[PDB]
Structure formats: structure tokens, C-alpha cells
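To start, the structure itself, in C-alpha cells.
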Amino acid sequence: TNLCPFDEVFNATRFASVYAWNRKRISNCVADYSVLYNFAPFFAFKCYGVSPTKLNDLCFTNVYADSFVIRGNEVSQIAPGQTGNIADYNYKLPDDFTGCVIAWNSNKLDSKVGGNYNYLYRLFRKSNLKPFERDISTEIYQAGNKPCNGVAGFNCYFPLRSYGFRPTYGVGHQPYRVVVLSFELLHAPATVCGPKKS
Amino acid sequence: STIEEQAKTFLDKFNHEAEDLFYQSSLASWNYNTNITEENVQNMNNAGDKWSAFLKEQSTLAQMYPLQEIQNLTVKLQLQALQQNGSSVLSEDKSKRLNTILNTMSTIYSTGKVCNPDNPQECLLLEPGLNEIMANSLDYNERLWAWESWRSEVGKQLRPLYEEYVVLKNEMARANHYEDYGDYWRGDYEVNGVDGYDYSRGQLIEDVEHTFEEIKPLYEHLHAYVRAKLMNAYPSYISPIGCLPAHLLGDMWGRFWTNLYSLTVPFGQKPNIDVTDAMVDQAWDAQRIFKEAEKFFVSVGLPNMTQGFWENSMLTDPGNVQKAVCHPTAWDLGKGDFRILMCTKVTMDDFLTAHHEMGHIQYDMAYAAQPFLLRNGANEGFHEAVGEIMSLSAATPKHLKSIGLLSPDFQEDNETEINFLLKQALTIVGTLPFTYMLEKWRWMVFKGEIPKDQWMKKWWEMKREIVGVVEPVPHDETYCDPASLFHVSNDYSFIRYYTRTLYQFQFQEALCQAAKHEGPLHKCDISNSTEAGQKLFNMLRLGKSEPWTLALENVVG
Ligand SMILES: *[C@@H]1O[C@H](CO)[C@@H](O[C@@H]2O[C@H](CO)[C@@H](O)[C@H](O)[C@H]2NC(C)=O)[C@H](O)[C@H]1NC(C)=O
Ligand SMILES: *[C@@H]1O[C@H](CO)[C@@H](O[C@@H]2O[C@H](CO)[C@@H](O)[C@H](O)[C@H]2NC(C)=O)[C@H](O)[C@H]1NC(C)=O
Ligand SMILES: *[C@@H]1O[C@H](CO)[C@@H](O[C@@H]2O[C@H](CO)[C@@H](O)[C@H](O)[C@H]2NC(C)=O)[C@H](O)[C@H]1NC(C)=O
Ligand SMILES: *[C@@H]1O[C@H](CO)[C@@H](O[C@@H]2O[C@H](CO)[C@@H](O)[C@H](O)[C@H]2NC(C)=O)[C@H](O)[C@H]1NC(C)=O
Ligand SMILES: *[C@@H]1O[C@H](CO)[C@@H](O[C@@H]2O[C@H](CO)[C@@H](O)[C@H](O)[C@H]2NC(C)=O)[C@H](O)[C@H]1NC(C)=O
Ligand SMILES: *[C@@H]1O[C@H](CO)[C@@H](O[C@@H]2O[C@H](CO)[C@@H](O)[C@H](O)[C@H]2NC(C)=O)[C@H](O)[C@H]1NC(C)=O
Ligand SMILES: *[C@@H]1O[C@H](CO)[C@@H](O)[C@H](O)[C@H]1NC(C)=O
Ligand SMILES: [Zn+2]
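If you read the sequences in order, they're chains E and A.
Residue numbers for the first sequence follow the deposited numbering, so the first one is 333 and each next one is one higher.
Residue numbers for the second sequence follow the deposited numbering, so the first one is 19 and each next one is one higher.
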């Protein structure tokens with residue numbers, strides 16, 4: 333039986349930024365949640381819709397795995413009903429969320445002496461994001477009332493900045509890999525879900 | 019989007035970029051300080067110049083948001099900290115001349131030499147060798163020689179430079195609407211627009227002079243006692259109703275009287291508490307000291323160390339060849355990087371310096387959630403006071419005998435208590451008249467109330483009157499005796515040592531009552547009491563967010 337390819341979205345040697353987060357849809361297969369739950373300390377593992385224990389008797393049409401990397405003290409923003417530079421301009425979760433979230437520390441992986449400027453995030457935007465909206469535009473954010481014609485300068489700034497990750501940071505300023513699962517049941521009669529013992 | 023939201027958007031970008039650049043510069047400076055090489059010098063200088071340039075650029079960019087229509091006091095605080103021109107209001111010629119005289123004065127002070135009158139090939143510097151004579155010697159003639167020659171051979175070189183330094187600094191200050199350099203300096207205690215906690219820049223003088231008036235009855239009795247005890251070490255040289263000659267005081271200036279303890283000890287046959295051998299006999303190392311300090315800080319309800327503190331800190335002297343500046347400091351590199359740099363031995367004084375420095379580290383950990391510009395003490399005297407109360411509390415016999423460094427019984431006596439209190443008063447009290455008088459002279463000189471042909475006259479008049487010490491040799495207007503002190507020729511304000519000394523004790527008295535102390539105050543130990551930890555943490559976490567008069571109220575009342 334074709335198992336769920338959770339071994340890739342969790343072992344991805346290179347993760348995606350938060351302003352451009354990765355999203356993988358898992359098709360009709362058998363879902364093994366017992367490969368990750370027994371796996372590791374998992375500094376963050378919060379489940380809202382279903383209880384974390386009974387993932388092996390309920391089924392859903394398709395599941396999405398969204399993957400990115402954020403700072404340590406921003407993991408609290410990945411939750412329905414949160415505000416902040418991440419929950420407003422980079423990644424939003426609807427209040428009726430049915431999936432869950434998990435995050436862990438990756439200081440020994442995504443941090444290098446001298447600065448790892450390959451991880452970006454957006455801190456300027458005209459309006460808030462909508463649930464599960466993804467924005468990759470690189471237009472120069474205009475703060476004042478005068479147009480700035482696509483150049484940086486006074487009252488017009490570049491909208492994206494970088495996490496200068498380094499190994500000599502404190503827990504909370506270190507890189508954390510976040511994977512959020514999202515369930516769905518529109519109308520499908522027989523879908524992907526967990527295995528039974530025979 | 020009127021003018022205020024633009025300021026907020028500007029401050030966000032400033033915070034991010036400045037945080038990154040500051041981390042880089044601080045990491046470079048740490049790397050240099052813990053491992054002295056040649057490459058490290060320029061490696062740190064590059065980041066330093068980059069940071070300074072970024073700061074100047076942002077400062078000039080920040081002038082475009084006027085201060086008048088900003089309503090948020092936090093945003094106004096940050097913008098006002100970032101908008102201050104400082105120097106660079108002068109011309110280019112004038113600014114370069116100012117930097118030249120600053121460096122000249124510093125280099126004169128650092129490498130000045132005096133030598134024997136009977137063997138002119140024996141010149142001594144100040145640091146290793148003149149203020150060793152002044153600290154240890156008991157020869158009236160040798161002390162007089164050192165005291166006179168330092169001021170006569172090096173002090174006279176700084177007079178024409180100081181006269182120019184005054185003028186240039188006054189111009190730089192008046193070009194920022196300040197009336198003089200003294201007012202520019204006093205501008206650190208000023209508060210505006212809080213309606214209950216305001217504080218003017220000219221009120222500081224009044225508070226200082228009104229608090230000093232209540233210390234004179236104690237300083238007079240200490241002065242009389244020290245004079246009576248010095249009349250036995252230098253008979254026929256002190257008069258039993260006059261001042262004290264200025265060269266017999268314990269160091270080159272008389273800033274602390276702490277070196278007159280051997281002459282003026284009350285009960286010389288009772289050695290005071292010194293748990294040093296009890297530490298080596300129990301096999302104490304540099305890590306046990308800091309573990310005990312951390313346990314003490316957790317006892318009152320404050321957090322642990324950051325667990326990066328144990329890996330990146332240099333708690334011991336690097337052995338083979340890793341030359342480092344062995345000067346104990348607390349580093350706040352940013353982004354959650356707190357470290358301690360000290361070459362600890364196994365003694366009692368290092369056992370106290372550990373607590374003093376971890377106090378700084380705890381203050382830094384407290385306000386790490388504030389915007390970058392608002393990470394500092396409420397004013398210039400809060401940080402060292404918070405540092406000092408920890409060493410105050412951790413050196414009491416009640417704490418030492420609970421750690422295990424004293425015998426479990428150790429009956430104390432009042433004679434040892436008097437010994438201890440006098441050793442403390444020779445340092446804490448003996449330096450308040452000196453500090454007050456020096457900063458008063460400098461204020462009056464910057465203001466113009468002393469014409470430049472009466473500098474030394476007024477200096478020694480105020481020394482005879484306020485401090486109570488007299489010069490052994492007359493000094494005309496070719497000298498500059500103030501400029502022969504580090505803080506005067508290296509351009510540092512001196513009132514932060516007067517106010518801190520006060521705040522410190524206030525804090526202690528407010529923390530002794532929360533812990534329900536009973537006996538005298540000098541026997542307090544705030545350990546094992548979480549209410550004191552809470553009263554302290556309510557002020558530690560503010561930084562400069564609130565005016566200092568409010569933060570002080572959150573502890574003292
Ligand atoms: C994630 O990837 C790592 C590395 O590719 C996997 O580590 C492997 O572990 C197995 C069993 O312990 C070893 O036989 C391999 O040699 C390891 N790989 C390497 C490159 O040394 C790890 O198992 C992966 N995680 C999961 C859940 O599959
Ligand atoms: C102290 O600094 C010096 C000079 O920067 C370091 O010396 C060299 O550092 C390079 C850096 O990679 C090494 O590759 C060399 O092997 C070092 N040579 C020697 C003779 O030390 C030195 O390593 C630094 N000390 C510490 C403890 O980091
Ligand atoms: C402008 O002032 C308001 C209050 O005068 C600040 O509002 C505070 O915001 C912080 C976080 O942004 C909260 O923790 C506080 O609880 C808020 N206070 C109140 C009374 O609501 C606001 O932060 C200020 N602007 C900026 C940019 O800091
Ligand atoms: C800081 O210094 C500048 C000159 O270097 C002062 O002059 C103002 O500078 C701004 C910015 O270019 C101009 O818009 C004004 O027209 C200048 N003149 C004024 C305001 O009279 C500036 O005032 C100084 N700022 C402070 C706070 O002292
Ligand atoms: C330390 O305490 C002792 C005991 O209370 C003091 O000794 C007494 O002092 C009073 C005051 O002069 C005398 O009347 C008693 O006669 C003393 N007792 C004896 C047994 O002689 C001592 O004076 C105190 N010393 C200090 C410096 O406080
Ligand atoms: C702070 O309180 C703790 C807990 O009571 C004290 O530790 C105990 O002290 C008693 C008295 O000597 C000992 O009998 C116990 O063995 C200690 N237990 C532990 C776990 O240490 C501690 O001595 C107190 N510290 C101060 C300075 O009062
Ligand atoms: C501090 O660390 C020690 C381990 O050394 C642990 O036992 C204790 O619970 C910690 N306390 C806090 C407040 O972190
Ligand atoms: Zn200190």
C-alpha cells in the first residue's frame with residue numbers, strides 16, 4: 333500500500349521562506365501519523381480540530397502540508413486569531429482551522445557562522461492577508477503620500493528583509509522549521525486516511 | 019498617514035537594520051577583546067565604522083519627521099533619541115580641532131612621566147608606579163613629591179588645552195539650544211510632558227545641593243575621626259582644628275579614602291570576615307562561583323541563565339597565549355546573546371564581582387523586549403546601582419554561613435560590625451563631597467560664573483570649604499589640577515557617581531521591607547524572598563520606556 337510521503341516534507345534538505353511558503357497536497361493514500369508522533373521531541377505540536385491521539389480512525393478528503401521557517405518567538409503567531417508581522421503579512425490561519433501545527437528547532441541546520449541571508453520575510457504591506465493567501469510581489473511599499481516610481485528612498489522602502497541566522501543566538505532568535513497540516517472534507521466518499529491493524 | 023504613521027514605519031525599519039548591524043559590531047568587538055591579535059583589530063574597526071556611519075545616516079534621515087505632532091510618547095522618545103545632532107553642528111575645521119585636542123589631552127594623561135630629582139633617569143608613569151606610592155607609602159616627603167610633581171609636570175600641559183576644550187564644547191552645546199555644556203550634560207535627567215513626573219534640567223542642581231546638606235553631619239564626624247587617627251601617623255604635620263593635607267589621603271586625588279583603613283581601623287585585633295581559604299579548602303572553581311550566583315538570583319524569583327551564557331562566556335583566563343583584556347564586564351551582544359568576560363581567581367572579591375556582573379546581565383535580560391533605542395537604564399545611575407545592591411546583599415555573614423563558607427555557629431560581635439561599617443564608609447561616604455565639589459566646579463566653569471583667571475583660586479577655595487582638604491603647596495593659574503583626573507581630561511560626566519550612591523541604598527531599603535527584615539539595615543539579605551524579586555522586576559523591565567521618576571517610584575514609592 334502506498335504510504336503518505338511525509339518523509340519528504342519533513343526531510344526537505346532546503347525549506348521555504350515564510351513569505352513564500354511551500355504547500356504540498358497529499359492524494360488518496362494511507363496516512364501514517366505514527367511516523368512523526370513517535371519521532372522526536374517536537375518543540376511545538378499543537379492540534380486544534382481533532383485530538384492528537386485519534387488521527388487513526390477519522391478520514392478526510394485531502395490534506396495539505398505547508399512548510400516554512402520562522403524565528404523562535406514567532407511560532408506563537410501560527411494560530412487562529414493572532415496578530416503580528418507573520419500572522420498579517422506572511423501566513424494567516426482561519427479561525428475555523430481543522431488541521432494542526434508542528435514546529436521544531438533547526439539551529440544546527442539552517443544557521444551558519446557569518447549569516448544565512450537565504451531566509452526572507454515581509455514586514456510592510458498595504459493590508460492584511462486573507463486565510464491561506466500567498467504573496468510574492470516585490471513592489472516598493474509606499475509609506476507617505478508621494479509616489480516613489482519604483483525606487484527606494486524617503487518614505488518608500490523595500491518590503492522584504494532577511495533573518496541573519498547565526499549559531500550564537502538565543503532560543504527565540506534561532507531558526508525554527510514549521511509544518512502545518514490542513515484537513516478537508518468537501519463531498520468525497522472514500523479518501524485518504526489512516527491504517528488499520530489486520 | 020499624517021506624520022505619525024510614517025514615523026512608526028520608519029522606526030520599524032530602523033529597529034531591524036540597527037539590530038543586525040549592532041550584533042555584528044558587538045560580536046567583532048567581543049572577538050577582539052577575548053583574543054587579542056592584529057587582524058582582529060581592523061576586523062572590529064570595520065564593523066565599528068560601518069555601524070557609526072549607518073547611525074549618522076539614519077540620524078540625518080530622521081530629521082524629516084518634526085517632533086511637534088507626534089503624540090505617542092514612545093515614538094517621540096525614540097525619535098528624540100535619534101534626532102539629536104550631538105557634534106557635527108560645528109564646522110569642519112572646528113570639529114577637527116576639537117577631536118585633536120581631545121586626543122592630545124588623553125595621550126598626555128596616558129603617557130605622562132615624572133622622575134626623581136636626584137636620579138633623573140628613573141621616570142615613573144601614573145598607573146604602574148605613581149598611584150602605588152600614593153596608595154602604599156607612609157613617607158610624608160615621598161607622598162608630597164609625587165603629589166606635587168604629577169600636577170606640576172603633567173597638569174600644566176593640560177591647561178591651554180582645557181581652556182580651548184571649554185570654548186569648543188560650549189559652542190557645540192549652544193548650537194543645540196542648551197546654554198552651555200553643563201546643561202547639555204544635565205539633560206540626561208530631564209523629563210517632559212508626563213503630568214506628575216516631570217523633571218527640569220535645572221532642578222538637578224537643587225536636588226543635589228539639598229541632599230548634600232543632610233550628609234554634612236556624618237561626613238564631619240568621619241572627617242574628625244580620620245584626622246585624629248592621622249595625627250598619630252604623621253605627628254607635627256596635621257593641625258587638630260584644620261583641614262587635611264591633600265597628599266595624605268590614600269590616592270593621588272583623594273577620590274576614595276579606602277586606603278586609610280590600616281591607619282584608622284577601630285579595633286585592629288579583630289580581623290573581619292574573609293571566606294577565601296574556606297573556598298580553596300572546599301575545592302571551589304570558577305564554575306562553582308557562577309553556579310552559586312545563579313542560584314542566588316533564582317532564589318528571589320528571577321530567571322536562569324540563557325544556556326548560551328554557559329557556552330560562549332569566558333569565565334577563566336585563557337592559558338597559553340590568548341591575550342585578553344582581563345577586565346570583568348557583562349556583554350549584551352543582542353538578539354539574545356548575553357555573556358560575561360572576567361578572569362576569575364578563587365577569592366572572596368571575585369565571589370562578589372560575580373554577583374555584581376550577573377546583576378547587569380539580569381537587568382539586560384529584563385528589558386530585552388523593548389525597542390532597540392529604549393534598552394538602557396532609566397538614567398545613567400540605575401545600572402550600576404542595580405549591580406551594587408547584589409554584592410551588598412551577598413556579602414553578609416547570614417548569607418555566607420548559609421552557603422557553607424562560614425562555621426554554622428560563628429557568633430558575631432559588634433566590634434566586627436563597626437570594623438565593617440567603617441571600611442564601608444571610607445569608600446561610600448568619603449567620596450560624596452569630592453564628587454559633589456568636582457561636578458559643581460565644572461558646572462560653574464561651563465556656565466561662566468568663574469572667569470578663566472580664577473579657576474585655581476575657586477578650585478582650592480571650594481576644596482577647603484566643601485570637601486575639607488587643603489593643598490600643601492600654593493597653586494597659581496598656570497596649573498590645572500582638575501584636568502589631572504581621568505574623568506576630567508577624558509570628557510566624562512561625574513554626577514552619575516553621586517546619584518547612583520543614593521539610588522543604591524534606596525533600592526536596598528525598599529527591598530529589605532518587602533522581605534520583612536528586622537535588625538539593622540546593614541544585615542539585610544534579600545535571598546529566598548520573591549516579593550523583593552517582584553518589586554525589582556517591575557522596574558528592571560522598563561528600560562527607558564518610562565521616565566526615571568516613574569521607574570524609581572515602582573520600587574521606592
Ligand atoms: C531524514 O534524512 C536523514 C538523512 O537522509 C535520514 O538519516 C538516515 O537514517 C537511516 C537510519 O537511521 C540511515 O541508514 C541513513 O544512513 C541515514 N542517512 C544518512 C544520509 O546518513 C533520516 O532517517 C530521515 N528521516 C526519516 C524519517 O526518514
Ligand atoms: C585567536 O585569533 C587568532 C587570529 O585570528 C587565531 O589564529 C588563527 O585563526 C585561524 C582562523 O581560522 C586558524 O585557521 C588558525 O589555525 C589560527 N592559528 C593560530 C596559530 O592560532 C586563533 O585561532 C584565535 N583563537 C581562538 C581560541 O579562536
Ligand atoms: C502608541 O501608543 C499606544 C498607547 O498609547 C501603544 O499601544 C500599546 O501597544 C503595545 C504593543 O504595540 C501593547 O502591548 C500595549 O498594551 C498598548 N497600550 C495600550 C494602552 O493599548 C502603541 O504601541 C504605541 N505605538 C507604538 C508604535 O508603539
Ligand atoms: C540638527 O542640525 C541641523 C543642521 O545640521 C539643524 O538644521 C535643520 O536641519 C533640517 C534638516 O536638513 C532642515 O530641514 C532645517 O531647515 C534646519 N534648520 C532649522 C530646523 O532651523 C537642525 O535643526 C538640528 N536639529 C536639532 C534637533 O537640533
Ligand atoms: C559591644 O557590645 C558590648 C556588650 O553590650 C559593649 O560592652 C558594654 O558597653 C557598655 C557601654 O559602654 C558598658 O556600659 C558595659 O560595661 C560594657 N560591657 C562590658 C562587659 O564591659 C561594648 O561597649 C560594645 N562596643 C561597641 C563598639 O559597640
Ligand atoms: C533558602 O531556603 C532554602 C530552603 O529552605 C534553604 O535551604 C535549606 O536550608 C536549611 C537550613 O540550613 C537546610 O537544612 C536544608 O538542607 C536546605 N535545603 C536545600 C534544598 O538547600 C536555604 O539555605 C535558604 N537560603 C538562605 C540564604 O536563607
Ligand atoms: C534552572 O535550571 C536548573 C537546572 O540547572 C533547573 O533545575 C531549574 O528548574 C531551572 N529553573 C528555571 C526557573 O529555569
Ligand atoms: Zn558594574
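Using N, Cα and C, we set each Cβ at its ideal position, and we do this for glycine too.
Exercise for the section: Mind listing the chain A neighbours of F486/E? Cutoff is C-beta to C-beta under 8 Å, in chain order. Expected result: Residue 486/E sits at position 154 when you count from the first residue of the first sequence. Result: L79 and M82.
Exercise for the section: Return the first residue and the last residue of the alpha helix (DSSP H) that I407/A is part of. Expected result: Translated into the one-based positions of the second sequence, residue 407/A becomes position 389. From DSSP, the alpha helix (DSSP H) with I407/A extends over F400 to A412.
Handout entry: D382/A burial status per 10 Å Cβ neighbour count (16 or more: buried)
Key = The sequence position of residue 382/A within the second sequence is 364, counting from 1. It is buried - the Cβ of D382/A has at least 16 other Cβ atoms within 10 Å.
Problem - Buried or exposed by the 16-neighbour rule on C-beta atoms within 10 Å, applied to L116/A - result: Here residue 116/A refers to the residue found at position 98 when the second sequence is read from its first residue. With 16 or more other Cβ atoms within 10 Å, it is buried.
Handout entry: Range of the contiguous beta strand (DSSP E) that encloses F356/A
Key = Counting from one through the second sequence, the residue named residue 356/A turns up at place 338. From DSSP, the beta strand (DSSP E) with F356/A extends over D355 to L359.
Problem - heavy atom of ligand 5 below 7 Å from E495/A C-beta - result: The residue you call residue 495/A lines up with position 477 of the second sequence. No, Cβ of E495/A sits at least 7 Å from all heavy atoms of ligand 5.
Problem - DSSP state of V298/A mapped onto helix, strand, coil - result: If you number the second sequence from 1, residue 298/A lands on position 280. Note: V298/A maps to helix in three-state DSSP.
Problem - Range of the contiguous beta strand (DSSP E) that encloses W436/E - result: Along the first sequence, read from residue 1 onward, the residue named residue 436/E stands at position 104. Unbroken beta strand (DSSP E) run through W436/E: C432 to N437.
Practice task
Out of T567/A, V293/A and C498/A, state which residue places its alpha-carbon closest to the alpha-carbon of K416/A.
Solution key: One-based indexing of the second sequence puts residue 416/A at position 398. Per the Cα distances, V293/A.
Practice task
Starting from the beta carbon of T385/E, find every residue of chain A whose beta carbon is closer than 8 Å, and list them in chain order.
Solution key: Numbered from its first residue, the first sequence carries residue 385/E at position 53. Those do not exist, as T385/E stays about 32 Å from chain A at its closest Cβ, beyond 8 Å.
Exercise for the section: Count the other C-beta atoms from every protein chain shown that fall within 10 angstroms of the C-beta of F504/A, then say buried if there are 16 or more, exposed otherwise. Expected result: The residue labelled residue 504/A in the question sits at position 486 within the second sequence. Exposed, by the Cβ-count rule.
Exercise for the section: Determine whether the Cβ of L455/E lies closer than 8 Å to any Cβ atom of chain A. Expected result: Against the first sequence, residue 455/E aligns to sequence position 123. Answer yes: the Cβ-Cβ gap between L455/E and chain A drops below 8 Å somewhere.
Exercise for the section: Counting only the same chain and skipping the five closest in sequence on each side, list residues whose C-beta sits under 8 Å from that of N437/A. Expected result: Your numbering for residue 437/A matches position 419 in the second sequence. Cβ within range, chain order: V283, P284, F285, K288 and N290.
Exercise for the section: Find the residues of chain E that neighbour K353/A, judging by a C-beta separation of less than 7 Å, and give them in chain order. Expected result: Working through the second sequence from its first residue, we reach residue 353/A at position 335. Within chain E, the residues near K353/A are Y501, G502 and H505.
Practice task
Return no unless some Cβ of chain E is closer than 8 Å to the Cβ of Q86/A.
Solution key: Position 68 of the second sequence, counted from the start, is the residue given in the question as residue 86/A. Output row for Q86/A: interface = no.
Practice task
Return helix, strand or coil for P384/E, following the three-state DSSP convention.
Solution key: Taking the first sequence and counting its residues from 1, one reaches residue 384/E at position 52. Reduced to three states, the DSSP call for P384/E is coil.
Handout entry: Three-state class that DSSP yields for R559/A in the structure shown
Key = Here residue 559/A refers to the residue found at position 541 when the second sequence is read from its first residue. Reduced to three states, the DSSP call for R559/A is coil.
Exercise for the section: Would you mind reading off the limits of the beta strand (DSSP E) that contains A376/E? Expected result: Counting from one through the first sequence, the residue named residue 376/E turns up at place 44. Looking at the DSSP string, the run of the beta strand (DSSP E) that includes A376/E is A376 to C379.
Problem - When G200/A, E467/A and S124/A are compared against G173/A, the one with the closest alpha-carbon - result: Position 155 of the second sequence holds residue 173/A. Nearest of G200/A, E467/A and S124/A to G173/A, Cα basis: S124/A.
Exercise for the section: Could you tell me the boundaries of the alpha helix (DSSP H) in which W271/A lies? Expected result: Counting from one through the second sequence, the residue named residue 271/A turns up at place 253. Segment: none, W271/A is in no alpha helix (DSSP H) and carries neither H nor E.
Problem - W48/A and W349/A closer than 8 Å at C-beta - result: The residue given as residue 48/A occupies position 30 in the second sequence. The residue given as residue 349/A occupies position 331 in the second sequence. Cβ atoms of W48/A and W349/A: closer than 8 Å.
Handout entry: Helix, strand or coil at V209/A [DSSP, three-state]
Key = As a working note, residue 209/A is residue 191 in the second sequence. Note: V209/A maps to strand in three-state DSSP.
Handout entry: Rounded Cβ spacing between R454/E and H34/A (contact assumed at less than 8 Å)
Key = Residue mapping note: residue 454/E aligns to position 122 of the first sequence, counting from 1. Residue mapping note: residue 34/A aligns to position 16 of the second sequence, counting from 1. No, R454/E and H34/A are not in contact; Cβ-Cβ is about 12 Å, not under 8 Å.
Problem - Bounding residues of the beta strand (DSSP E) (the contiguous stretch that carries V463/A) - result: Taking the second sequence and counting its residues from 1, one reaches residue 463/A at position 445. Where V463/A is concerned, there is no enclosing beta strand (DSSP E), although the alpha helix (DSSP H) it sits in stretches over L450 to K465.
Practice task
Go to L439/A, then tell me how far its beta strand (DSSP E) extends in each direction, as first and last residue.
Solution key: What you label residue 439/A is simply residue 421 of the second sequence in a count that begins at 1. It is not in any beta strand (DSSP E) - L439/A instead sits in the alpha helix (DSSP H) that spans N432 to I446.
Practice task
Step through the CB atoms of chain A and report whether any lies within less than 8 Å of the CB of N439/E.
Solution key: As a first step, residue 439/E is located in the first sequence; it is residue number 107 there, counting from the start. Chain A contact via Cβ: absent.
Exercise for the section: Mind listing the chain A neighbours of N448/E? Cutoff is C-beta to C-beta under 9 Å, in chain order. Expected result: Taking the first residue of the first sequence as 1, we reach residue 448/E at position 116. Here the premise fails: no neighbours, minimum Cβ distance about 13 Å.
Problem - Heavy atom of ligand 2 within 7 Å of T55/A beta-carbon - result: The sequence position of residue 55/A within the second sequence is 37, counting from 1. It does: the Cβ of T55/A is within 7 Å (strictly closer) of some heavy atom of ligand 2.
Problem - C-alpha gap between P258/A and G486/A, whole angstroms - result: Locating residue 258/A in the second sequence gives position 240, counting from the first residue. Locating residue 486/A in the second sequence gives position 468, counting from the first residue. Between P258/A and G486/A, the C-alpha separation is close to 13 Å.
Handout entry: Touching by the beta-carbon criterion (3+ pairs, under 8 Å), the region 466-481 of chain E and the region 438-445 of chain E
Key = no
Problem - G404/E in three-state terms, based on DSSP - result: By 1-based counting over the first sequence, the position of residue 404/E is 72. Three-state DSSP puts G404/E in a helix.
Problem - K114/A to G200/A span [Cα, whole Å] - result: Reading the second sequence from its first residue, position 96 is the one you call residue 114/A. Reading the second sequence from its first residue, position 182 is the one you call residue 200/A. C-alpha separation (whole angstroms): 22 Å.
Practice task
Return the Cβ separation of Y207/A and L222/A in integer angstroms, given the expectation that the two are a contact with Cβ distance under 8 Å.
Solution key: If you number the second sequence from 1, residue 207/A lands on position 189. If you number the second sequence from 1, residue 222/A lands on position 204. So it is a contact: roughly 5 Å between Cβ atoms.
Exercise for the section: Please state whether DSSP places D350/A in a helix, a strand or coil. Expected result: Mapped onto the second sequence, residue 350/A falls at position 332. In the structure shown, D350/A sits in a strand (DSSP, three-state: E or B).
Practice task
For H417/A, verify whether its CB is less than 7 Å away from any heavy atom of ligand 6.
Solution key: In the second sequence, counting from the first residue as 1, residue 417/A sits at position 399. Correct: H417/A has its Cβ closer than 7 Å to ligand 6.
Exercise for the section: Using the Cα positions of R192/A and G104/A, report the straight-line distance between them to the nearest angstrom. Expected result: Looking up residue 192/A in the second sequence gives position 174. Looking up residue 104/A in the second sequence gives position 86. Taking the straight line joining both Cα atoms gives about 11 Å.
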